[PDB]
Amino acid sequence: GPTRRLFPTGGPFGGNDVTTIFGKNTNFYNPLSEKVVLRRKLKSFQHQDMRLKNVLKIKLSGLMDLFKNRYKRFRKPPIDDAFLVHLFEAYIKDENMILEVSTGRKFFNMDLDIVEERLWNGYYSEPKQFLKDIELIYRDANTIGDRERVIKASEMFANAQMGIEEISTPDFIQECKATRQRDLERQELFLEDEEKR
Amino acid sequence: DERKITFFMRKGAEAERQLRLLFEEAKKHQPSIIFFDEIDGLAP
Amino acid sequence: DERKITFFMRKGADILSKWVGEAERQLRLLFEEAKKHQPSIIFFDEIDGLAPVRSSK
Amino acid sequence: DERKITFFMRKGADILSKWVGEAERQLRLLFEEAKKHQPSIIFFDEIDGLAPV
């Protein structure tokens, strides 16, 4: 049936037909005058900021292609998916970190691609989201392995850091703080909307 | 010789996990030491 | 004839790369190649392209 | 006695590591803790390192 994805990828373009363990941004839609003028500015500025997310995907793909075809070993978690599949309906789910019983180690692991398919849909209102994804690349370096794999994936981590130092420029930073307060207000209204409906 | 101060050579300049490794590794064997070389590489 | 001494011609700023510190790895590969042969010499042409002096930063 | 001047103490860049997003959320929980417990004094030891120049 639906895809067995645990990561919170979802936006206006697609990726909403999913079900994860922790928090999820499924979004197409789920007094009265403030709510309807709210919905009007939601549609308008969501279309404009969605075009800005697609432009961010355009200027991210130029480093994303090289950094996805250079290395492949971090494009897959070391713990395979079927151990987390039977937790949907050994490994135990806390707040969001999965715990293993045999060693006791804590993994925030992605498949080194959860960025391009997040910007396929698009909720990257700020470059701090790409900062957080590259910091999760560092977390995938940190959580599992010996010294060589940690320092080499920290090298690729800081390559992507040297890239996001080029994507994060203060004009785009001030535009992203404008749509950051807009999208903070958007996520607040959307959580109260999914609680009231 | 009933204790043994353990050497730890460290260079000057990621580095924060190796910093945690050298600080916690010196705090499981309590007779130990921490030595840094060229501290201006890590403290300009 | 009994011990062929090798050579390693390396330039200055080709080692200094974009990424972050993969410029280290470009000489890590050289140093592990330096223990392929035992009589191996490393020639760094234009070493000031690698290591110049502190000026003000 | 019945009111509490609650004293929060931070250190020189104890908030500020090299990760960008942790110092922000730490300062948000700091000032939210200041806003809940209403009389409160926040101390930043070595503020020449937390706010360098």
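One structure accompanies this document, and this report is about it. (Residues numbered from 1 in each chain as written, not as in the entry; some residues may be left out. Chains lettered and ligands numbered in written order. Part of a larger assembly, values for the part shown. Heavy atoms only, no water.)

On to the pattern of salt bridges. Here the structure, examined in full by the defined rule, presents 16 salt bridges over all chains. A salt bridge links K106 of chain A to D94 of chain A; its shortest N-O distance comes to 3.1 Å. Here the residue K106 of chain A occupies a position in strand β3 (residues 106-107), and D94 of chain A occupies one in the loop between β1 (91-93) and β2 (98-100), the gap between them amounting to 12 residues. Exposure remark for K106 of chain A: the relative accessible area of 29% places this residue in the partly exposed category. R20 of chain B is the salt-bridge partner of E24 of chain B, the closest N and O atoms lying 2.7 Å from each other. One end of the pair is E24 of chain B and the other is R20 of chain B, both in helix α1 (residues 15-25) and four residues apart, which spans about a single turn. Looking at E24 of chain B, the relative accessible area reads 42%, which means it is partly exposed. (Salt bridge = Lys/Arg side-chain N within 4 Å of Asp/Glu carboxyl O. Helix = DSSP H or I, 4+ residues; strand = E, 2+ residues; numbered from the N terminus. Buried < 20%, exposed > 50% of the residue type's maximum accessible area, 1.4 Å probe, protein only.)

The next thing to look at is the environment of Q129 of chain A. All names here are of chain A. When you line up the elements, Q129 lands in helix α4 (residues 127-143). Taking the C-alpha atoms as reference points, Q129 and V115, separated by 14 residues in sequence, lie 9.2 Å from one another. Those residues in contact with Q129 that sit more than four places away from it in its chain are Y123, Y124 and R180. (Contact = heavy atoms within 4.5 Å.)

All names here are of chain A. The strand order across the open sheet built from three strands is β1-β2-β3, with neighbouring strands paired in antiparallel fashion. Among the strands making up the open sheet, the edge pair consists of β1 and β3. Bridge count for β2 against β3 is two bridges, and the pairing is antiparallel. Across the sheet, residue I98 finds its bridge partner in β3, namely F107. (Pairing = 2+ DSSP bridges.)

Before going further, it helps to spend a moment on a negative patch on the surface. Residues and elements named next belong to chain A. There is a patch of like negative charges on the surface, built from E34, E185, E188 and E192. Here the element with the most residues in the negative patch is helix α6 (residues 170-196); it accounts for three residues. Structurally, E188 is set in helix α6. (Patch = residues over 30% accessible without salt bridge, like charges linked within 9 Å, V, L, I, M, F, W, Y side chains within 5 Å. Areas by Shrake-Rupley, 256 points an atom, 1.4 Å probe, with all protein chains shown as cover. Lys, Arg positive; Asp, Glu negative; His and termini not counted. Charge placed at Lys NZ, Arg CZ, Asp CG, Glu CD.)

Moving on, we come to the arrangement of the chains. Contacts are most numerous, across the four pairs of chains in contact, for chains A and C. One finds no contact linking chain B with chain C; the least C-alpha distance across the pair is 9 Å. One finds no contact between chain C and chain D; the C-alpha atoms of the two approach each other to within 14 Å at their closest.

The subject of this paragraph is the interface of chain C and chain A. Facing six residues of chain C, the contacting portion of chain A comprises eight residues. In total, about 600 Å² of surface goes out of reach between chain C and chain A, with carbon and sulfur atoms giving 41% of it. Counting the surface chain C buries against chain A, the share from its top three residues, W19, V20 and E22 of chain C, is 66%. The partner of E166 of chain A in a salt bridge is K18 of chain C, with the nearest N and O atoms 2.4 Å apart. The tally of links from chain C across to chain A stands at three residue pairs in polar contact. Considering only residue class, the side of chain C that touches chain A consists of two nonpolar, one polar and three charged. (Buried area = accessible area lost by both parts, 1.4 Å probe. Polar contact = N/O pair within 3.5 Å; in protein donor to acceptor, adjacent residues only side chain to side chain. Nonpolar A, V, L, I, M, F, W, Y, C, P; charged D, E, K, R; others polar.)

Among the secondary structure elements, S154 of chain A is positioned in helix α5 (residues 147-167). A distance of 2.9 Å separates polar atoms of two side chains, one belonging to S154 of chain A and the other to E14 of chain B. Discounting residues that sit within four places of it in the chain, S154 of chain A has contacts with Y138 and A141 of chain A together with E14 of chain B.

Right, let's talk about the nonpolar core for a bit. Residue and element names in this part refer to chain A. Formed by 27 residues in total, the largest nonpolar core has its most connected members in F130 and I134. Of all the elements in the fold, those that place two or more residues in this core are α1 (33-70), α4 and α5. Beyond its immediate stretch of four places on either side in the chain, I134 contacts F157, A160, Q161 and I164. (Core = buried A, V, L, I, M, F, W, Y, C linked by side-chain atoms within 4.5 Å.)

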